[PDB]
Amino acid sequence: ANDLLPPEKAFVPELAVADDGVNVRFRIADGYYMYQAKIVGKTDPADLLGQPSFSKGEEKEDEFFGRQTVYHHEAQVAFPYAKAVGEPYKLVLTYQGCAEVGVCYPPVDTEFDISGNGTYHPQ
């Protein structure tokens, strides 16, 4: 393809932090998709987040990871808090996706410095 996005532009996260935990939204460029099963969150301090629930994805089979549940256009991931969170923390999101034309990008790691409820964007 003559005009492809770098992966951090193809798959763009934002956070909504609330009392119940962290809701992640992704905006995904047309002709790209994200692997649902490869979206991971890690925190510092560790283990503030519990098991995420995912918005509905769709079936895809490709030459990189075979059959996978994937996202086009958008995705939402809801991380509940695993325990009481009354302190600032760092959150690193890792996610991986492809261009439909046949490019499998390396995983992207995006860090957020969280200090209370509100909206956060990559910095």
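When you see a residue number, it is the position in the sequence shown, counting from 1.
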State which stretch shows the higher mean Cα B factor in the entry: 76-84 or 36-44. 76-84
Do the C-alpha atoms of 4-12 or of 113-121 have the higher average B factor in the entry? 113-121
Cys98, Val92, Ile28, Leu49, ranked by C-alpha B-factor: the highest one: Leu49
In terms of the CA temperature factor given in the entry, to which third of its chain does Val108 belong: lowest, middle or highest? middle
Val24 by Cα B-factor - lowest, middle or highest third of the modelled chain: lowest
